[PDB]
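Before any questions on binding or motion, here is one chain by itself as C-alpha cells, the form deposited without nicotinamide-adenine-dinucleotide (NAD).
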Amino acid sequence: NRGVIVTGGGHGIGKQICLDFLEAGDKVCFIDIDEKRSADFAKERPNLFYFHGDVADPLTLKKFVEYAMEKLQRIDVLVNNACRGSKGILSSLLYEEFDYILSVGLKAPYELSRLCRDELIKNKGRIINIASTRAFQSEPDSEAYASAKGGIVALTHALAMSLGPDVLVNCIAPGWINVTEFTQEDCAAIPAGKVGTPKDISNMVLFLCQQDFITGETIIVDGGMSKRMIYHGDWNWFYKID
C-alpha cells in the first residue's frame, strides 16, 4: 500500500528493487535514462510507472516528483540508486565530468529528498540510499565515483538526523553485484564464495524499510570482501608488476 519512487529503476539493482516493491503490494514510479528498456519494464504492469529523464538535471527531478505524485498520489519511500561509473585522476577526468558524476550520485539524492521532504515527513516514510564499498576503499582511477559514494554515505546520516523521528534514512553499500559466467577464482576470492545478485540488495532495501530502530546507518553487502586483509604472497593472494 505504499507509493515508492526509485531512481535508476530500469536495470540491474534498481529494476529488482522495483519488482520487489511491486510484489510487496506497492505502487512504484521510477526514473531512468534509457527509454526503451524502461518502457518495456513498465509495459503491462499497471502499478509500475516509468518517467524518462536524467537525474543530473534539477528541473527533471522536480517534474519526476510531480509525475510520481500524479501517478502514486502519495510518496512513502524514496530509493536513491545511481550506477554510472567513471574514471578519475589517472585518466585526467575533466572537472565537468567529475561534476556530472556528483550530479547523478550525490546532488540528485539530496534534491529528491528535499522535493519529497514534506510528503515523507507526513507519511512517516523512508529514504534508502544505494552507495558502494568504493566509499570506503579504492582502486586506482576512481576519484569521481569515490567522491559521490562517500558523499552519499555522509548525506545518509545528515538526512537521518534532520528528518528523524518521522523519516528514517539508511544506506546500503554493495560490493560486486552481477547486473549483466565467472571463473572459479572470481567466486572463490570473495569470502562468501559467490558474486552478489540484485536480490541481495533488494532484500535489504525492503527489510530496512520495515525496521523502525535503524537510522543513519550504512550496511555493507559485499560477501565480506572489504573485511578480507590481503598482503601479497599470503593466504592465496598475489600482486603482479606489469
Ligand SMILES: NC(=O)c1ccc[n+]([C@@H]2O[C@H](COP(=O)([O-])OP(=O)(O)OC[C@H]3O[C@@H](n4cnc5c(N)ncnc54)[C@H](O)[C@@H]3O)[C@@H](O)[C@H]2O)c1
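The first residue of the sequence shown is number 1, and the count goes up from there.
The form solved in complex with nicotinamide-adenine-dinucleotide (NAD) is left out here; the points below concern that form.
Visitor: Taking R126, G151 and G216 together, does each of them reach nicotinamide-adenine-dinucleotide (NAD) in the deposited bound form with some heavy atom inside 4.5 Å?
Guide: Looking in the deposited bound form, the three residues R126, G151 and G216 all stay beyond 4.5 Å of nicotinamide-adenine-dinucleotide (NAD) (heavy atoms).
Visitor: Considering non-hydrogen atoms and a 4.5 Å limit, which listed residue (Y67, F49, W176, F41) is close to nicotinamide-adenine-dinucleotide (NAD) in the deposited bound form?
Guide: Spelling it out, the residue with a heavy atom inside the cut-off is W176.
Visitor: Taking 4.5 Å between heavy atoms as the contact cutoff, choose which of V77, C116, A82, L168 touches nicotinamide-adenine-dinucleotide (NAD) in the deposited bound form.
Guide: Only one option qualifies, and that one is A82.
Visitor: Among 67-75, 117-125, 158-166, 82-90, which stretch sits within 4.5 Å of nicotinamide-adenine-dinucleotide (NAD) in the deposited bound form, heavy atoms only?
Guide: Only one stretch passes the 4.5 Å heavy-atom test: 82-90.
Visitor: Could you confirm whether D34 comes within 4.5 Å of nicotinamide-adenine-dinucleotide (NAD) in the deposited bound form, counting heavy atoms only?
Guide: The answer is yes: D34 has a heavy atom within 4.5 Å of nicotinamide-adenine-dinucleotide (NAD).
Visitor: Find out whether any non-hydrogen atom of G10 is located within 4.5 angstroms of nicotinamide-adenine-dinucleotide (NAD) in the deposited bound form, and reply yes or no.
Guide: Judged by the heavy-atom cut-off of 4.5 Å, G10 is in contact with nicotinamide-adenine-dinucleotide (NAD) in the deposited bound form.
Visitor: Examine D186 and determine whether its closest non-hydrogen atom to nicotinamide-adenine-dinucleotide (NAD) in the deposited bound form is within 4.5 angstroms.
Guide: No, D186 is distant from the partner.
Visitor: So, in the deposited bound form, is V55 in contact with nicotinamide-adenine-dinucleotide (NAD) at a 4.5 angstroms heavy atom limit?
Guide: Because a heavy atom of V55 falls inside 4.5 Å of nicotinamide-adenine-dinucleotide (NAD) in the deposited bound form, the answer is yes.
Visitor: Using a 4.5 Å cut-off on heavy atoms, which residues of 119-150 contact nicotinamide-adenine-dinucleotide (NAD) in the deposited bound form?
Guide: Heavy-atom contacts to nicotinamide-adenine-dinucleotide (NAD) in the deposited bound form: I130, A131, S132, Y145, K149.
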